[PDB]
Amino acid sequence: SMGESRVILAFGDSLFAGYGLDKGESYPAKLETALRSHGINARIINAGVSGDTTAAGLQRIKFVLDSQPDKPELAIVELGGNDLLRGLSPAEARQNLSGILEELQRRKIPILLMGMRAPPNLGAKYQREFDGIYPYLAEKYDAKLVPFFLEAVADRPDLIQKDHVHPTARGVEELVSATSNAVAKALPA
């Protein structure tokens, strides 16, 4: 094909940074290769930062854009999962994301928003509130939306890395039942 590559900014968290993966296995890297099958030569800027909240993304979006030698032709925004992991306000996550999208819109950079979904642990009230921020933002900022970015691995534990193992309340009870003898024995009489 003719021409310089198309520049795409992948602005996200550990799901874009490729946490736990080897060189070339992150989503941005594999997406760049896959877009050749759509007739597109892309250079995808991996602006994934592991652990970034929406507030962290807002803090760096201007710097990341000003750092680019070539202006992005599309920005993919994938943030909010770490807000959920911290149990942080969904409203504040929406506000922070709004500031990120507003900066991209000022610069006339098209936006694709990756929708995040809350697990049931924080409860239905929180989950509904969190989940709804993404359709709200896509409409308000005229962004395209992937409603559920992680949908293709939702039902596939075999496609999810084993790393953090946080017991449920019932799991804690199991740990206590297995280890209390050792604790009692270690405590001097």
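Residue numbers run from 1 along the displayed sequence.
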{"query": "Higher-B stretch (mean Cα B-factor, as the entry records it), 138-146 or 27-35", "finding": "138-146"}
{"query": "Segment of higher mean CA temperature factor, 150-158 or 125-133", "finding": "150-158"}
{"query": "Deposited CA B-factor, highest of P90, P119, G99, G115", "finding": "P119"}
{"query": "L85 - Cα temperature factor, lowest/middle/highest third of chain", "finding": "highest"}
{"query": "Ranked C-alpha temperature factor of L21 among modelled chain residues, by third", "finding": "highest"}
{"query": "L9, C-alpha B-factor rank within chain (lowest, middle or highest third)", "finding": "lowest"}
{"query": "Ranked C-alpha temperature factor of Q68 among modelled chain residues, by third", "finding": "middle"}
{"query": "Position of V165 among the chain's modelled residues by C-alpha B-factor, lowest, middle or highest third", "finding": "highest"}
